[PDB]
Ligand SMILES: CC(=O)N[C@@H]1[C@@H](O[C@@H]2O[C@H](CO)[C@H](O)[C@H](O)[C@H]2O)[C@@H](O)[C@@H](CO)O[C@@H]1O
Ligand SMILES: [Ca+2]
Ligand SMILES: [Ca+2]
Ligand SMILES: [Ca+2]
Ligand SMILES: [Mn+2]
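In the deposited numbering, the protein residues as written are 316 to 1339, 1345 to 1426.
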């Protein structure tokens, strides 16, 4: 390539001025808001050397009529009139250039459109709007090839672990063309660096063309190439289908430059110096400060009306984790906080889940959790909804060009995407407001699922920023799914933090530059997942690795969760208490994985600092990719080693909320993924002190042991993958107030004792034991007389109706009971041997081997009593008991909560009388049925359907059957046809068909096809040697009827006491009558709904006999 040339500059008709601070001088054109040149400590950076007196308004080239006025020694102002009648532009804008110490600020302070535009109202011509304002062509800062050390360094979005998003370019003549959007961008010489910020929400496309708030351009001027950094275009007045967006969607354009000398004392001026300084001019995502102390992220799940994780239970999880980490901070994402749970009732953000305890319990959760540094988030959706939802309306739904619905997710119900732009223009904000109003303060984060994939239309930079603003404005912190989403505002990205998702192309932001800048502000990065290669092969800064134990994707592994925290997350978060100061790459390595062989340049040393001048140095132990040392690091704090390879002894001087700890509370964590002794040098403030070590368990600090200090050092030879904590004085564990708010103490058996129960019988027969998932359970076995455990139920309301259940898994034929005595009345419920495996995937006690009760299975099901308090609640008792038996009964989780069911002879309390279920006041699940094994252990596709006329009912979008038969609730099964298996069943503990007694079972039902579903009668444990069922196949309810059909069956209780009834998915094929896809799922061909179940004991007379 030949030495390049361009026009020289004739500034003969230009009148320049200057504005300046004490350190930075800027020469500016009086004709146009352009900076010719910057000067600092006698060094120079050019700006836009070649005048370019145009802008672009709605992509029309405009020569503005400009008037100048210097305001003070640092500030100038420009009024800029904009006229183009051919394109209906008639407006003006005021711009200010202002120097502030070493920063240059560019602000459009004011915009007037002389065309009539009312935000919120119709406009007849969208071209009358002032939509876009572009100052491309006027570089805010640049560097010339004639200057020593001239380079440009910029970041683009990359989520592929193999591909860096960063460009590093020498500015030379000649050099390759450059016209490209960037997220972050820096120019420098050997003397000065500059960085540029803009609030432009410009996009040039997806992927690495998105989040392109800056634009870098090479321009050739005389005999030099210049690389300048411009703000990309800004957005202003916008509409959707003629409706102008709200005023809050308009943000005044703004950009800033910062110019610096060597800022990390490495005696070199480069992009890093600019990145350090850039932190003083950049946007900071709201709530970023909290991130560094949220060490324990996870999800607590509810789904399909089951209430797997009530709000108050979640607080017990928080307390376990508080103990096991010794006060590390926590972030719990409540997936299914609303409606019937996860993927129910979307868009009605304020509809907090009633069956998990509603808003009252949620508030109590948030409040009590503060002291444990536990922040709560919720999973919401702004892209799709279901007919059940209050906000399902035809006007909001997304249609395809041909008029068809753009169908969304299908699982419990078939959803339909919404038009996000339409939603924004029609009151979206108010939904967030309703939630804030209802819930009050203290919620940390909103996690908006799905947004960023285009289901709802445009989900790009502009729309994401508007959305994020709606949420931030209520006081909430923003979180997103995708690695590539909400770059301006997100603090957390699910697909970055859960390393397992998506594979090497869909992880966090693979940009040295971007992580240097914002590592401490968010979890959006590439963590350690060797199989993805490149940046994911042991990043020196770690990167959040998220695991779960409260039901998300069937995850239940508590211990794994805790060992993961210490293995990845403690050091990850440690670094987030500092800002990166220096970043050193080593030599390119070759790697092979995921089908390619490729070059990767790894980071070898990263330094960080804090406001107290503490210095952290992280060093990779080798640059040889095939050496074990490539995946090892040393970390030093002010010169002292705190990690080396597989082990670390890290100080931690922050309580759970991140507050500086008092001196007597400073501590150190030890963790080592290997066996073997490690030896460590203590800091001077520990070296002459006694030192005690504790092993951290779910019981807190254990196994106190004073350590021997020899020559300022300690030596630790302890269990691998086991956390320990070190103090300079003897520590104790506090009272946790287990299950506070839940009317009983320690409902989940996490307190390590039973002393708070009053035990009748041989107490040696009752023990706390661990499931195969290390879930602590009450076990009663080997007992020759009745054994009982009793507590008062405390803090109840007088004259109030209640439900209480206990999870029970009975391996004995012995009666196992739950009994409530209110002081004026006694009620009891029992089970003999359990006969139904648990198949609720988000429930902690499902039958998956790794969280099985015993013998690789779980029959846990909730066993209920229904009672009503009197005038006096001082002496209400709850009793768990077991009659004599050799085998074991396991009990876990006692939940007492308000319920207005009227199931027994039209009365609430457990008693005699006809059993009715209208599904209008279910406590949780699908009682008296429990989900069967038709889909195995799963987010079961049977739930309680909620009514919304007309959208859930016959006729709407051609729907064939009603979601809801009477009242507001029915029992619905979605598309579970042709499975030859049991969908759900009763169980003796929920309803017992007494030996030899005869019952009439009646219900109303809807069914989309003939003989897809059948009412069945069985006994004992069902097996698909398959079990005998009395089978009654059921016809469709709509071809020859306008409403649900009524069915009636006689059932006689087997002598074994273990008769049950249910619904079975036949092997017959369904009939979608020519419909397919979304239409077919929506309209209900493959559906079954039950309502108004009744079971009456009867004596066979007259015609009942025939
Ligand atoms: C990974 C993730 O967040 N995926 C979202 C989907 O999640 C699934 O939800 C179903 C129940 O509806 C089930 O629990 C699966 O285990 C879970 O992965 C889902 O919420 C959809 C809705 O559009 O969005 C994401 O893909
Ligand atoms: Ca430097
Ligand atoms: Ca438990
Ligand atoms: Ca009903
Ligand atoms: Mn539903």
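Cβ atoms here follow ideal geometry from the backbone N, Cα and C, with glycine treated the same way.
* Can you tell me the Cβ-Cβ gap for residue 517 and residue 548, rounded? I've got them flagged as a contact below 8 Å. => Correct: roughly 5 Å between the Cβ atoms.
* Using a threshold of 7 Å, is the CB atom of residue 1208 nearer than that to any non-hydrogen atom of ligand 3? -> The nearest non-hydrogen atom of ligand 3 is less than 7 Å from the C-beta of residue 1208.
* Is there contact here, the segment 864-882 with the segment 634-647, by at least three beta-carbon pairs under 8 Å? -> Result yes; three or more Cβ-Cβ pairs closer than 8 Å.
* **Reduced DSSP secondary structure (H/G/I, E/B, other) of residue 418** => Residue 418 falls in the strand class under three-state DSSP.
* Asked: What are the complete beta strand (DSSP E) segments, minimum 3 residues, inside the segment 1060-1143?
  -> Listed in chain order, they are 1073-1075, 1081-1085, 1091-1095, 1102-1107, 1116-1125 and 1131-1136.
* Tell me, please, which residues DSSP counts as bridged to residue 361. => In the DSSP output, where bridge partners are listed per residue, residue 361 has 352.
* Asked: Alpha carbon to alpha carbon, what distance is there between residue 1138 and residue 675?
  -> Looking at the two C-alpha atoms, the distance is approximately 27 Å.
* Going by the C-beta, is residue 699 closer than 7 Å to any heavy atom of ligand 6? -> Annotation note on ligand 6: not contained in the displayed structure, which lists ligand 1, ligand 2, ligand 3, ligand 4 and ligand 5 as its ligands.
* To do: Quick one: measure Cβ to Cβ for residue 438 and residue 445, integer angstroms, because I've assumed they're closer than 8 Å.
  => Wrong, their Cβ atoms sit about 12 Å apart, outside the cutoff.
* In angstroms with no decimal places, state the Cα-to-Cα distance between residue 431 and residue 1250. => Linking residue 431 to residue 1250 through their CA atoms gives a straight-line distance of about 59 Å.
* **Coil, strand or helix - residue 845 by DSSP** => Helix at residue 845.
* Cα-Cα separation between residue 930 and residue 955, rounded to whole angstroms -> Rounded to whole angstroms, the separation of the alpha carbons of residue 955 and residue 930 is 10 Å.
* Express the C-alpha separation of residue 462 and residue 574 in angstroms, rounding to a whole number. => Their Cα atoms are separated by approximately 16 Å.
* To do: Would you list, in sequence order, the uninterrupted alpha helix (DSSP H) runs of no fewer than 4 residues that lie entirely inside the segment 656-721?
  => Taken in chain order, the unbroken stretches of alpha helix (DSSP H) that lie wholly in the segment 656-721 and span 4 residues or more are 673-684.
* To do: Go ahead and pull the three-state DSSP assignment for residue 344.
  => The answer is strand: DSSP assigns residue 344 an E or B state.
* **residue 905 to residue 915 span [Cα, whole Å]** => Rounded to whole angstroms, the separation of the alpha carbons of residue 915 and residue 905 is 6 Å.
* To do: Throw me the rounded Cβ distance for the residue 645 and residue 681 pair, which I believe falls under 8 Å.
  => Actually they do not touch by this definition, with Cβ atoms about 13 Å apart.
* Determine, using beta carbons only, whether residue 1013 and residue 1065 come nearer to each other than 8 Å. => With a cutoff of 8 Å on beta-carbon distance, residue 1013 and residue 1065 are scored as near each other.
* Alpha carbon to alpha carbon, how far is residue 758 from residue 924? Give it in angstroms, no decimals. => Distance between the alpha carbons of residue 924 and residue 758: 31 Å.
* How big is the Cα-Cα spacing for residue 1062 and residue 1054? -> Roughly 6 Å between the two C-alpha positions.
* Measuring CB to CB, does residue 1258 end up less than 8 Å from residue 619? -> Against a cut-off of 8 Å, the Cβ pair of residue 619 and residue 1258 comes out as a contact.
* Asked: Can the beta-carbon of residue 458 be found less than 8 Å from the beta-carbon of residue 504?
  -> Result yes, Cβ atoms of residue 458 and residue 504 sit closer than 8 Å.
* Spatial neighbours of residue 460 in its chain, beta-carbon cut-off 6 Å, leaving aside the 5 residues before and after -> Scanning its chain for C-beta atoms nearer than 6 Å, with the 5 sequence neighbours on each side dropped, one finds around residue 460 the residues 486, 487, 488, 539 and 540, in chain order.
* To do: Count the other C-beta atoms from every protein chain shown that fall within 10 angstroms of the C-beta of residue 1153, then say buried if there are 16 or more, exposed otherwise.
  => When all chains shown are included, residue 1153 counts as buried.
* the segment 682-689 touching the segment 710-717, judged by at least three CB pairs closer than 8 Å -> Because the criterion of three Cβ pairs below 8 Å is not met, the segment 682-689 and the segment 710-717 do not touch.
* To do: Would you grab the beta carbon distance between residue 493 and residue 415 for me? Rounded to a whole angstrom, and I think it's under 8 Å.
  => At roughly 29 Å, the Cβ-Cβ gap does not stay under 8 Å, so residue 493 and residue 415 are not in contact.
* Measure the Cβ-Cβ separation of residue 1319 and residue 1280 and say whether it is below 8 Å. => Cβ atoms of residue 1319 and residue 1280: closer than 8 Å.
* Is there at least one non-hydrogen atom of ligand 4 closer than 7 Å to the beta-carbon of residue 1233? -> Because some heavy atom of ligand 4 lies under 7 Å away, the Cβ of residue 1233 counts as near it: yes.
* **Entirely enclosed beta strand (DSSP E) segments - the segment 1184-1263, minimum 3 residues** => Correct list: 1192-1197, 1204-1213, 1230-1232, 1244-1246 and 1257-1261.
* Exposure label - residue 317; buried when at least 16 CB within 10 Å -> So residue 317 ends up on the exposed side.
* **the segment 1139-1153 touching the segment 1296-1306, judged by at least three CB pairs closer than 8 Å** => With a cut-off of 8 Å, the segment 1296-1306 and the segment 1139-1153 count as touching, because enough Cβ pairs lie within range.
* To do: Determine, using beta carbons only, whether residue 1351 and residue 1329 come nearer to each other than 8 Å.
  => Remark: C-beta atoms of residue 1351 and residue 1329 approach each other more closely than 8 Å.
* Please list the segments of the beta strand (DSSP E) lying wholly inside the segment 987-1075, counting only runs of 3 or more residues, in order along the chain. => Whole beta strand (DSSP E) segments, 3+ residues: 993-996, 1006-1012, 1015-1022, 1028-1031, 1039-1042 and 1073-1075.
* Residues near residue 673 in its chain [Cβ-Cβ closer than 7 Å; skip 5 each side] -> Same-chain partners within the cutoff: 667.
* Asked: By the 10 Å Cβ neighbour count, where 16 or more other Cβ atoms means buried, how is residue 848 classified, buried or exposed?
  -> Burial call: buried.
* Alpha carbon to alpha carbon, how far is residue 737 from residue 1157? Give it in angstroms, no decimals. => Those two C-alpha atoms are separated by around 34 Å.
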